[PDB]
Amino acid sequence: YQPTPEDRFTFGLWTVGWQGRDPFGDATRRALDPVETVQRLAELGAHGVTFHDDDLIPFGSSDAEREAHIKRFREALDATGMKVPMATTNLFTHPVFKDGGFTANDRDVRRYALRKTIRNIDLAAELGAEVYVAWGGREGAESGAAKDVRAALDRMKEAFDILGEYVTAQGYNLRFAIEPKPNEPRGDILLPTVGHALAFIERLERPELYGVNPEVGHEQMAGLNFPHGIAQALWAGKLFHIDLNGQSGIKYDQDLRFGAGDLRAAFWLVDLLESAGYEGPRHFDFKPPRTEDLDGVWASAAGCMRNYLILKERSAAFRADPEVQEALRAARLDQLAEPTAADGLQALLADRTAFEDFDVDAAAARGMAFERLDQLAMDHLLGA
(Lines of atoms letter the chains of each structure in order from A and count residues from 1; the text may use other names and numbers.)
(Lines give C-alpha, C1' and ligand atoms only; values in the text may rest on other atoms or scores of the structure.)
Protein backbone atom coordinates (compact mmCIF):
# COMPACT_ATOMS: atom_id res chain seq x y z
CA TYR A 1 0.00 0.00 0.00
CA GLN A 2 2.70 2.48 -0.68
CA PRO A 3 1.51 5.76 -2.21
CA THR A 4 2.45 7.24 -5.58
CA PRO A 5 2.63 10.90 -6.66
CA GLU A 6 -0.58 10.46 -8.68
CA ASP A 7 -2.50 9.91 -5.42
CA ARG A 8 -2.56 13.71 -4.88
CA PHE A 9 -1.54 13.28 -1.23
CA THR A 10 -0.90 16.77 0.15
CA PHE A 11 -0.04 18.05 3.61
CA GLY A 12 0.60 21.44 5.17
CA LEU A 13 3.41 23.23 6.95
CA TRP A 14 1.40 23.22 10.19
CA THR A 15 0.69 19.48 10.08
CA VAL A 16 4.18 18.40 11.21
CA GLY A 17 6.32 20.90 13.08
CA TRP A 18 3.34 21.38 15.40
CA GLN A 19 5.76 21.27 18.38
CA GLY A 20 2.86 20.09 20.54
CA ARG A 21 2.07 23.47 22.14
CA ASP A 22 -1.00 22.22 24.01
CA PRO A 23 -3.29 24.56 26.00
CA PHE A 24 -1.89 22.84 29.12
CA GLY A 25 1.70 22.32 27.99
CA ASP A 26 4.79 23.67 26.30
CA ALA A 27 6.60 22.55 23.15
CA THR A 28 8.26 19.15 22.77
CA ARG A 29 9.42 18.99 19.14
CA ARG A 30 11.91 20.83 16.96
CA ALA A 31 11.00 23.85 14.85
CA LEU A 32 10.85 22.26 11.40
CA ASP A 33 12.68 24.16 8.67
CA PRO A 34 10.00 24.84 6.01
CA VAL A 35 12.45 23.40 3.49
CA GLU A 36 13.02 20.16 5.45
CA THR A 37 9.28 19.55 5.65
CA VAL A 38 9.00 19.14 1.88
CA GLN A 39 11.94 16.69 1.93
CA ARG A 40 10.52 13.81 3.90
CA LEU A 41 7.03 14.18 2.44
CA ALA A 42 8.61 13.80 -1.00
CA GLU A 43 10.64 10.88 0.37
CA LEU A 44 7.39 9.33 1.68
CA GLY A 45 5.61 9.28 -1.68
CA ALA A 46 3.43 12.35 -1.19
CA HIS A 47 2.56 14.92 -3.86
CA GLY A 48 2.37 18.55 -2.80
CA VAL A 49 2.24 20.52 0.45
CA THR A 50 0.30 23.55 1.70
CA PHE A 51 1.11 26.48 3.98
CA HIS A 52 0.09 29.68 5.71
CA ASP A 53 1.96 32.96 5.28
CA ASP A 54 3.41 32.98 8.79
CA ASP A 55 4.22 29.28 8.31
CA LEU A 56 6.44 30.10 5.31
CA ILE A 57 7.69 33.62 6.11
CA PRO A 58 8.09 35.00 9.66
CA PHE A 59 5.56 37.60 10.75
CA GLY A 60 6.88 41.13 10.31
CA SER A 61 9.65 40.20 7.87
CA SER A 62 10.01 42.68 5.03
CA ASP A 63 9.96 41.97 1.30
CA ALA A 64 13.59 41.08 0.55
CA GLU A 65 13.49 39.04 3.76
CA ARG A 66 10.19 37.46 2.72
CA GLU A 67 11.65 37.00 -0.77
CA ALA A 68 14.54 35.06 0.77
CA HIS A 69 12.13 32.46 2.15
CA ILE A 70 10.10 32.20 -1.07
CA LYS A 71 13.22 31.44 -3.12
CA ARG A 72 14.48 28.89 -0.58
CA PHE A 73 11.00 27.32 -0.70
CA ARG A 74 10.86 27.50 -4.50
CA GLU A 75 14.13 25.62 -5.06
CA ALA A 76 12.94 22.91 -2.67
CA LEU A 77 9.71 22.35 -4.61
CA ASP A 78 11.49 22.31 -7.98
CA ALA A 79 14.23 19.92 -6.82
CA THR A 80 11.77 17.41 -5.30
CA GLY A 81 8.98 17.95 -7.84
CA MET A 82 6.47 18.74 -5.09
CA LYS A 83 3.58 21.10 -5.83
CA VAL A 84 1.46 23.48 -3.74
CA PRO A 85 -2.23 22.76 -4.52
CA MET A 86 -3.48 25.22 -1.89
CA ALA A 87 -2.41 28.17 0.25
CA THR A 88 -3.99 29.80 3.31
CA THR A 89 -3.71 32.95 5.44
CA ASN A 90 -3.01 33.17 9.17
CA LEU A 91 -5.73 35.18 10.95
CA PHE A 92 -5.80 33.65 14.43
CA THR A 93 -2.32 33.26 15.95
CA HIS A 94 -1.52 36.96 16.27
CA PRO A 95 -3.27 38.77 19.16
CA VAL A 96 -4.68 41.40 16.74
CA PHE A 97 -7.52 39.05 15.75
CA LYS A 98 -9.04 38.53 19.20
CA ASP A 99 -12.53 39.23 17.83
CA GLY A 100 -11.94 37.82 14.34
CA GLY A 101 -10.56 38.89 11.00
CA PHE A 102 -13.31 39.55 8.46
CA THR A 103 -15.96 39.88 11.21
CA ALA A 104 -14.05 41.83 13.86
CA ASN A 105 -15.93 44.54 15.71
CA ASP A 106 -13.01 46.92 15.15
CA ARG A 107 -12.99 48.26 11.59
CA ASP A 108 -9.23 48.88 11.51
CA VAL A 109 -8.30 45.20 11.78
CA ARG A 110 -11.09 44.22 9.39
CA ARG A 111 -9.39 46.17 6.60
CA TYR A 112 -6.02 44.85 7.76
CA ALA A 113 -7.38 41.30 7.52
CA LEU A 114 -8.16 41.95 3.84
CA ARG A 115 -4.76 43.43 2.96
CA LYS A 116 -3.02 40.53 4.72
CA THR A 117 -5.09 37.92 2.86
CA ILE A 118 -4.75 39.77 -0.47
CA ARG A 119 -0.94 39.91 -0.56
CA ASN A 120 -1.13 36.15 0.05
CA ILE A 121 -3.55 35.51 -2.82
CA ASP A 122 -0.79 36.70 -5.16
CA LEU A 123 1.64 34.26 -3.54
CA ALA A 124 -0.94 31.45 -3.76
CA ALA A 125 -1.46 31.83 -7.51
CA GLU A 126 2.24 32.31 -8.35
CA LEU A 127 2.94 28.84 -6.89
CA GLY A 128 0.43 26.91 -9.01
CA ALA A 129 -2.32 26.58 -6.42
CA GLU A 130 -5.79 25.40 -7.40
CA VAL A 131 -7.79 26.59 -4.36
CA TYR A 132 -7.48 29.21 -1.63
CA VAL A 133 -8.73 28.23 1.84
CA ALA A 134 -10.17 30.58 4.47
CA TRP A 135 -10.64 29.29 8.03
CA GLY A 136 -12.58 31.71 10.21
CA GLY A 137 -11.71 30.31 13.62
CA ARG A 138 -11.62 33.72 15.32
CA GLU A 139 -14.96 34.74 13.75
CA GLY A 140 -17.19 34.01 16.71
CA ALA A 141 -18.34 35.01 20.16
CA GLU A 142 -18.64 33.78 23.74
CA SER A 143 -21.44 36.06 24.98
CA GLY A 144 -24.58 37.09 23.13
CA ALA A 145 -24.56 40.89 22.95
CA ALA A 146 -20.83 40.93 22.08
CA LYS A 147 -21.56 40.37 18.37
CA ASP A 148 -24.60 40.95 16.16
CA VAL A 149 -24.46 37.84 13.98
CA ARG A 150 -26.40 39.53 11.16
CA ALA A 151 -23.88 42.38 11.08
CA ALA A 152 -20.95 39.95 11.21
CA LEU A 153 -22.30 37.99 8.24
CA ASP A 154 -22.74 41.32 6.45
CA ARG A 155 -19.00 41.87 6.89
CA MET A 156 -18.06 38.29 5.98
CA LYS A 157 -20.12 38.52 2.79
CA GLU A 158 -18.58 41.93 2.10
CA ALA A 159 -15.09 40.53 2.67
CA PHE A 160 -15.48 37.50 0.40
CA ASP A 161 -16.94 39.65 -2.39
CA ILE A 162 -13.96 42.01 -2.09
CA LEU A 163 -11.70 38.97 -2.54
CA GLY A 164 -13.69 37.55 -5.45
CA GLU A 165 -13.58 40.96 -7.11
CA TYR A 166 -9.79 40.96 -6.73
CA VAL A 167 -9.23 37.53 -8.30
CA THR A 168 -11.48 38.44 -11.23
CA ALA A 169 -9.47 41.64 -11.72
CA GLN A 170 -6.05 39.95 -11.72
CA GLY A 171 -7.39 36.91 -13.59
CA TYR A 172 -5.88 34.35 -11.22
CA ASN A 173 -6.74 30.70 -11.89
CA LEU A 174 -8.11 30.08 -8.41
CA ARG A 175 -11.30 29.46 -6.44
CA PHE A 176 -12.02 29.91 -2.74
CA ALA A 177 -13.16 27.27 -0.25
CA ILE A 178 -14.52 27.99 3.23
CA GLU A 179 -13.40 25.57 5.95
CA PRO A 180 -16.14 25.28 8.61
CA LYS A 181 -15.81 24.42 12.30
CA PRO A 182 -18.48 24.48 15.03
CA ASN A 183 -16.41 25.94 17.89
CA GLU A 184 -12.87 26.43 19.27
CA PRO A 185 -11.30 28.88 19.88
CA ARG A 186 -14.45 31.01 20.15
CA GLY A 187 -17.43 29.76 22.11
CA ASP A 188 -19.31 29.43 18.81
CA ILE A 189 -17.81 29.91 15.34
CA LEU A 190 -19.70 31.56 12.49
CA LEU A 191 -20.60 29.23 9.62
CA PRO A 192 -20.09 26.15 11.83
CA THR A 193 -20.73 23.38 9.28
CA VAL A 194 -20.93 22.55 5.58
CA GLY A 195 -24.62 23.44 5.41
CA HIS A 196 -24.13 26.81 7.10
CA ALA A 197 -21.17 27.44 4.79
CA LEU A 198 -22.91 26.33 1.58
CA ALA A 199 -25.91 28.55 2.34
CA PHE A 200 -23.60 31.53 2.92
CA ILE A 201 -21.98 31.03 -0.49
CA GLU A 202 -25.29 31.25 -2.39
CA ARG A 203 -25.62 34.93 -1.39
CA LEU A 204 -22.06 35.94 -2.35
CA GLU A 205 -21.83 38.04 -5.51
CA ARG A 206 -20.00 35.40 -7.60
CA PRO A 207 -21.09 32.05 -6.12
CA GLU A 208 -19.27 29.94 -8.74
CA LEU A 209 -15.91 31.11 -7.32
CA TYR A 210 -16.50 29.69 -3.82
CA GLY A 211 -16.69 26.17 -2.41
CA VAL A 212 -16.29 24.38 0.92
CA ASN A 213 -13.26 22.81 2.61
CA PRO A 214 -14.71 20.32 5.11
CA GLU A 215 -12.51 18.47 7.59
CA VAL A 216 -13.43 15.09 9.10
CA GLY A 217 -13.01 16.08 12.74
CA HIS A 218 -14.77 19.45 12.50
CA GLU A 219 -18.08 17.99 11.31
CA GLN A 220 -17.63 15.07 13.71
CA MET A 221 -17.27 17.72 16.44
CA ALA A 222 -21.02 18.35 16.00
CA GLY A 223 -22.09 14.70 15.84
CA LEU A 224 -22.84 14.84 12.11
CA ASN A 225 -22.26 12.20 9.43
CA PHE A 226 -19.20 13.32 7.45
CA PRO A 227 -19.87 10.98 4.47
CA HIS A 228 -23.35 12.52 4.42
CA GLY A 229 -21.96 16.05 4.58
CA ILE A 230 -19.47 15.41 1.78
CA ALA A 231 -22.34 13.99 -0.28
CA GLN A 232 -24.31 17.22 0.14
CA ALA A 233 -21.21 19.20 -0.83
CA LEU A 234 -20.80 16.91 -3.85
CA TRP A 235 -24.53 17.04 -4.65
CA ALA A 236 -24.27 20.84 -4.80
CA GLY A 237 -21.05 20.50 -6.81
CA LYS A 238 -19.05 22.81 -4.52
CA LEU A 239 -16.26 20.53 -3.23
CA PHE A 240 -12.92 22.15 -4.02
CA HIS A 241 -10.65 20.90 -1.21
CA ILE A 242 -10.80 18.35 1.62
CA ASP A 243 -8.93 18.05 4.92
CA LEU A 244 -8.67 14.49 6.25
CA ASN A 245 -7.96 13.41 9.84
CA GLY A 246 -9.44 11.34 12.66
CA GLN A 247 -11.64 12.31 15.59
CA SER A 248 -13.54 10.45 18.31
CA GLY A 249 -16.71 11.94 19.76
CA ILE A 250 -17.61 15.51 20.65
CA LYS A 251 -14.49 16.93 22.28
CA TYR A 252 -11.69 19.39 21.52
CA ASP A 253 -10.28 19.51 17.98
CA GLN A 254 -8.12 16.39 18.15
CA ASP A 255 -6.35 16.15 14.79
CA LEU A 256 -5.54 12.44 14.79
CA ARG A 257 -4.22 10.87 11.62
CA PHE A 258 -6.68 9.68 9.00
CA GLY A 259 -8.15 6.29 9.84
CA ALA A 260 -8.09 6.73 13.60
CA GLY A 261 -11.25 7.58 15.52
CA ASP A 262 -14.28 6.83 13.33
CA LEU A 263 -13.04 3.95 11.19
CA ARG A 264 -16.40 3.16 9.57
CA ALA A 265 -16.88 6.80 8.58
CA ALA A 266 -13.38 6.71 7.08
CA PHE A 267 -14.44 3.68 5.04
CA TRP A 268 -17.60 5.28 3.63
CA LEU A 269 -15.74 8.54 2.96
CA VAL A 270 -13.05 7.01 0.74
CA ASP A 271 -15.83 4.96 -0.86
CA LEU A 272 -17.88 8.05 -1.76
CA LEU A 273 -14.81 10.10 -2.71
CA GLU A 274 -13.60 7.58 -5.30
CA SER A 275 -17.07 6.55 -6.50
CA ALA A 276 -18.02 10.18 -7.18
CA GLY A 277 -14.84 10.97 -9.10
CA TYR A 278 -13.24 13.58 -6.83
CA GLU A 279 -9.96 14.51 -8.53
CA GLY A 280 -8.70 17.16 -6.11
CA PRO A 281 -6.05 16.74 -3.42
CA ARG A 282 -6.29 14.39 -0.45
CA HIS A 283 -5.08 16.92 2.11
CA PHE A 284 -4.31 15.83 5.68
CA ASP A 285 -4.84 18.55 8.30
CA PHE A 286 -3.69 16.42 11.22
CA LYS A 287 -1.16 16.89 14.01
CA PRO A 288 1.11 14.08 15.23
CA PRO A 289 0.52 13.77 18.98
CA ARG A 290 3.10 15.50 21.18
CA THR A 291 3.84 12.01 22.51
CA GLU A 292 6.15 11.46 19.52
CA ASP A 293 9.70 12.50 18.66
CA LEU A 294 11.25 13.25 15.25
CA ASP A 295 10.70 9.61 14.23
CA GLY A 296 6.99 9.26 14.94
CA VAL A 297 6.50 12.47 12.97
CA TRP A 298 6.58 10.69 9.61
CA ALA A 299 4.99 7.48 10.90
CA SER A 300 1.84 9.53 11.50
CA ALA A 301 2.40 11.21 8.12
CA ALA A 302 2.88 7.91 6.29
CA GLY A 303 0.18 6.31 8.43
CA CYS A 304 -2.74 8.41 7.19
CA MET A 305 -1.63 7.84 3.59
CA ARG A 306 -1.05 4.11 4.12
CA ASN A 307 -4.52 3.92 5.68
CA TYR A 308 -6.37 5.83 2.91
CA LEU A 309 -5.18 3.30 0.33
CA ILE A 310 -6.20 0.29 2.44
CA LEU A 311 -9.82 1.43 2.77
CA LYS A 312 -9.64 2.42 -0.90
CA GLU A 313 -8.91 -1.18 -1.89
CA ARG A 314 -11.57 -2.65 0.41
CA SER A 315 -14.25 -0.14 -0.61
CA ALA A 316 -13.53 -0.92 -4.28
CA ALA A 317 -13.97 -4.69 -3.96
CA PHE A 318 -17.06 -4.00 -1.84
CA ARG A 319 -18.82 -2.39 -4.81
CA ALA A 320 -17.27 -4.89 -7.25
CA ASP A 321 -18.52 -7.90 -5.26
CA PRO A 322 -21.43 -9.45 -7.20
CA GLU A 323 -22.92 -10.90 -4.01
CA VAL A 324 -22.99 -7.40 -2.51
CA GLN A 325 -24.42 -6.04 -5.77
CA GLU A 326 -27.40 -8.37 -5.30
CA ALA A 327 -27.71 -7.33 -1.65
CA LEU A 328 -27.89 -3.70 -2.80
CA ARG A 329 -30.63 -4.70 -5.25
CA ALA A 330 -32.37 -6.39 -2.32
CA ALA A 331 -32.05 -3.11 -0.41
CA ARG A 332 -33.64 -1.58 -3.55
CA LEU A 333 -30.89 0.90 -4.37
CA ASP A 334 -31.80 0.16 -7.99
CA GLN A 335 -34.88 2.18 -7.13
CA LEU A 336 -34.25 5.37 -5.10
CA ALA A 337 -31.92 6.26 -8.00
CA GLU A 338 -34.70 6.44 -10.59
CA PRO A 339 -37.10 9.42 -10.56
CA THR A 340 -40.14 9.43 -8.29
CA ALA A 341 -42.79 11.06 -10.52
CA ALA A 342 -41.08 11.79 -13.84
CA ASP A 343 -44.46 11.37 -15.58
CA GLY A 344 -45.48 14.82 -14.30
CA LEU A 345 -47.67 16.27 -11.58
CA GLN A 346 -50.99 15.74 -13.38
CA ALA A 347 -50.12 12.09 -14.06
CA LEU A 348 -49.33 11.53 -10.37
CA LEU A 349 -52.70 12.90 -9.24
CA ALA A 350 -54.66 10.73 -11.69
CA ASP A 351 -52.68 7.61 -10.69
CA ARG A 352 -54.47 5.50 -8.08
CA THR A 353 -51.46 3.18 -7.71
CA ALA A 354 -50.13 5.96 -5.44
CA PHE A 355 -53.18 6.42 -3.19
CA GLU A 356 -56.55 4.68 -3.42
CA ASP A 357 -55.29 1.29 -4.64
CA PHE A 358 -51.88 1.49 -2.91
CA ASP A 359 -51.65 -1.53 -0.60
CA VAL A 360 -49.96 0.17 2.35
CA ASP A 361 -49.65 -3.05 4.36
CA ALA A 362 -47.81 -5.09 1.71
CA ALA A 363 -45.18 -2.41 1.10
CA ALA A 364 -44.81 -1.98 4.87
CA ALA A 365 -44.35 -5.74 5.36
CA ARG A 366 -41.26 -5.85 3.12
CA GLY A 367 -37.92 -5.84 4.91
CA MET A 368 -35.32 -3.39 3.63
CA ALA A 369 -32.53 -6.01 3.96
CA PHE A 370 -30.08 -3.45 5.35
CA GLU A 371 -28.48 -5.63 8.04
CA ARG A 372 -27.31 -8.37 5.67
CA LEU A 373 -26.07 -5.58 3.39
CA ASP A 374 -24.22 -3.76 6.18
CA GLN A 375 -22.56 -6.97 7.40
CA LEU A 376 -21.15 -7.51 3.91
CA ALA A 377 -19.79 -3.96 4.13
CA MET A 378 -18.25 -4.98 7.47
CA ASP A 379 -16.54 -8.19 6.29
CA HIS A 380 -15.04 -6.29 3.35
CA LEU A 381 -13.42 -3.80 5.74
CA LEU A 382 -11.89 -6.45 8.03
CA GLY A 383 -11.23 -9.02 5.33
CA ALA A 384 -13.36 -12.15 4.95
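Don't overthink the numbering: it's just position in the shown sequence, from 1.
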request  = Would you determine, from the values in the PDB entry, which of 272-280 and 294-302 has the greater average C-alpha temperature factor?
outcome  = 294-302
task = Would you mind comparing 367-375 and 15-23 for me and telling me which has the higher average C-alpha temperature factor in the entry?
result = 15-23
remark   = Among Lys157, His196, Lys83, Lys181, highest Cα B-factor in the entry goes to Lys83
ask   = Among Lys287, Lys238, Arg138, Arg206, where is the Cα temperature factor highest, going by the PDB entry?
value = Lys287
task = Relative to the other modelled residues of the same chain, rank the CA B-factor of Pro192 and answer lowest, middle or highest third.
result = lowest
query = What third of its chain's C-alpha B-factors does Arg72 belong to: lowest, middle or highest?
reply = highest
Third assignment of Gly128 from its chain's C-alpha B-factors = highest
ask   = Hey, what third does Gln335 fall into on Cα B-factor, ranked over its chain?
value = lowest
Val149 - Cα temperature factor, lowest/middle/highest third of chain = lowest
